[PDB]
(Lines of atoms letter the chains of each structure in order from A and count residues from 1; the text may use other names and numbers.)
(Lines give C-alpha, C1' and ligand atoms only; values in the text may rest on other atoms or scores of the structure.)
Protein backbone atom coordinates (compact mmCIF):
# COMPACT_ATOMS: atom_id res chain seq x y z
CA UNK A 1 0.00 0.00 0.00
CA UNK A 2 2.97 2.30 -0.69
CA UNK A 3 3.01 3.50 2.92
CA UNK A 4 0.49 6.26 2.02
CA UNK A 5 -1.22 8.15 4.89
CA UNK A 6 -4.12 6.18 6.30
CA UNK A 7 -6.94 8.72 6.50
CA UNK A 8 -9.99 6.74 5.41
CA UNK A 9 -11.52 3.29 6.01
CA UNK A 10 -11.98 2.67 2.27
CA UNK A 11 -10.30 4.00 -0.89
CA UNK A 12 -11.84 3.63 -4.38
CA UNK A 13 -8.79 1.99 -5.95
CA UNK A 14 -6.50 -0.48 -4.14
CA UNK A 15 -3.03 1.02 -4.16
CA UNK A 16 -1.33 -1.90 -5.94
CA UNK A 17 -3.67 -1.57 -8.92
CA UNK A 18 -3.09 2.21 -9.19
CA UNK A 19 -0.75 3.82 -11.69
CA UNK A 20 1.35 4.45 -8.59
CA UNK A 21 1.37 0.88 -7.36
CA UNK A 22 1.82 -0.44 -10.89
CA UNK A 23 5.15 1.38 -11.38
CA UNK A 24 6.13 0.70 -7.78
CA UNK A 25 6.23 3.98 -5.82
CA UNK A 26 6.73 3.83 -2.04
CA UNK A 27 6.58 6.79 0.44
CA UNK A 28 9.41 6.70 3.00
CA UNK A 29 8.99 9.76 5.30
CA UNK A 30 6.05 12.13 5.74
CA UNK A 31 5.51 15.20 7.88
CA UNK A 32 3.39 18.31 7.33
CA UNK A 33 6.37 20.17 5.90
CA UNK A 34 8.44 17.50 4.23
CA UNK A 35 8.16 14.03 2.64
CA UNK A 36 10.25 11.56 0.70
CA UNK A 37 9.56 8.72 -1.72
CA UNK A 38 11.37 6.39 -4.06
CA UNK A 39 10.95 3.88 -6.86
CA UNK A 40 13.10 1.25 -8.57
CA UNK A 41 13.63 1.78 -12.26
CA UNK A 42 12.13 -1.04 -14.35
CA UNK A 43 10.84 -1.04 -17.91
CA UNK A 44 7.38 -0.05 -16.62
CA UNK A 45 8.89 3.31 -15.59
CA UNK A 46 10.72 3.78 -18.91
CA UNK A 47 9.74 4.88 -22.39
CA UNK A 48 10.86 3.20 -25.65
CA UNK A 49 14.20 4.96 -25.73
CA UNK A 50 15.17 3.29 -22.44
CA UNK A 51 15.03 6.40 -20.22
CA UNK A 52 12.63 7.06 -17.36
CA UNK A 53 9.50 8.70 -18.85
CA UNK A 54 9.05 12.34 -17.76
CA UNK A 55 5.56 11.43 -16.57
CA UNK A 56 7.03 9.00 -14.05
CA UNK A 57 8.85 11.80 -12.23
CA UNK A 58 5.64 13.94 -12.46
CA UNK A 59 3.54 11.09 -10.98
CA UNK A 60 6.03 10.56 -8.19
CA UNK A 61 6.04 14.26 -7.28
CA UNK A 62 2.30 14.72 -7.43
CA UNK A 63 1.52 11.69 -5.26
CA UNK A 64 4.08 12.76 -2.67
CA UNK A 65 2.87 16.43 -2.63
CA UNK A 66 -0.81 15.63 -2.78
CA UNK A 67 -0.80 12.88 -0.11
CA UNK A 68 1.43 14.94 2.27
CA UNK A 69 -1.31 17.56 2.06
CA UNK A 70 -4.12 14.98 2.48
CA UNK A 71 -2.24 13.82 5.59
CA UNK A 72 -2.97 17.21 7.22
CA UNK A 73 -6.23 18.37 5.72
CA UNK A 74 -8.32 15.23 5.50
CA UNK A 75 -9.20 15.15 9.21
CA UNK A 76 -10.24 18.74 8.73
CA UNK A 77 -13.04 17.91 6.27
CA UNK A 78 -10.97 19.03 3.28
CA UNK A 79 -9.95 17.26 0.10
CA UNK A 80 -6.67 17.90 -1.74
CA UNK A 81 -5.93 17.37 -5.45
CA UNK A 82 -3.16 18.27 -7.88
CA UNK A 83 -4.07 21.55 -9.64
CA UNK A 84 -0.82 22.21 -11.51
CA UNK A 85 2.54 20.52 -11.99
CA UNK A 86 5.52 22.17 -13.60
CA UNK A 87 8.30 19.68 -14.06
CA UNK A 88 11.69 20.41 -15.64
CA UNK A 89 14.08 17.61 -16.76
CA UNK A 90 17.80 18.23 -16.19
CA UNK A 91 19.40 14.78 -16.65
CA UNK A 92 17.87 11.52 -17.86
CA UNK A 93 17.72 8.38 -15.68
CA UNK A 94 18.49 5.09 -17.37
CA UNK A 95 18.38 2.58 -14.52
CA UNK A 96 18.81 2.36 -10.70
CA UNK A 97 16.26 4.37 -8.66
CA UNK A 98 14.57 7.78 -8.56
CA UNK A 99 14.37 9.36 -5.08
CA UNK A 100 11.98 12.29 -4.49
CA UNK A 101 12.04 14.82 -1.65
CA UNK A 102 9.06 17.21 -1.31
CA UNK A 103 9.51 20.46 0.67
CA UNK A 104 6.37 22.48 1.52
CA UNK A 105 6.98 26.12 0.66
CA UNK A 106 3.54 27.67 1.13
CA UNK A 107 0.43 26.41 2.91
CA UNK A 108 -2.52 28.68 2.07
CA UNK A 109 -6.15 28.18 2.94
CA UNK A 110 -6.96 27.10 -0.63
CA UNK A 111 -3.58 26.20 -2.14
CA UNK A 112 -0.42 24.48 -0.86
CA UNK A 113 2.81 24.47 -2.82
CA UNK A 114 5.49 21.87 -2.73
CA UNK A 115 8.92 21.85 -4.39
CA UNK A 116 9.93 18.29 -5.28
CA UNK A 117 13.51 17.27 -6.18
CA UNK A 118 14.08 13.98 -8.02
CA UNK A 119 17.57 12.46 -7.76
CA UNK A 120 19.36 9.42 -9.26
CA UNK A 121 21.45 6.81 -7.40
CA UNK A 122 24.50 9.11 -7.60
CA UNK A 123 22.48 11.80 -5.84
CA UNK A 124 22.40 14.01 -8.94
CA UNK A 125 19.43 16.30 -9.51
CA UNK A 126 17.64 14.83 -12.54
CA UNK A 127 14.36 16.67 -12.27
CA UNK A 128 12.36 19.18 -10.27
CA UNK A 129 8.59 19.49 -9.96
CA UNK A 130 6.65 22.43 -8.51
CA UNK A 131 3.34 21.04 -7.39
CA UNK A 132 0.43 23.26 -6.57
CA UNK A 133 -2.19 21.45 -4.57
CA UNK A 134 -5.84 22.69 -4.43
CA UNK A 135 -7.50 22.34 -0.99
CA UNK A 136 -11.36 22.41 -0.95
CA UNK A 137 -14.19 21.44 1.41
CA UNK A 138 -15.16 17.81 0.89
CA UNK A 139 -18.37 17.21 -1.05
CA UNK A 140 -20.97 14.97 0.55
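Numbering follows the first chain given and starts at 1.
- In this crystal structure, the stretch out of 92-100 and 53-61 whose C-alpha atoms carry the higher mean B factor is 92-100.
- Remark: stretch with higher mean C-alpha B factor among 5-13 and 112-120 is 5-13.
- Reading the B-factor column for the CA atoms of 87, 84, 66, 31 in the entry, the top value corresponds to 31.
- When the CA B factors of the chain's modelled residues are split into thirds, the value for residue 41 lands in the middle one.
- Remark: residue 80 belongs to the lowest third of its chain, ranked by C-alpha B-factor as recorded.
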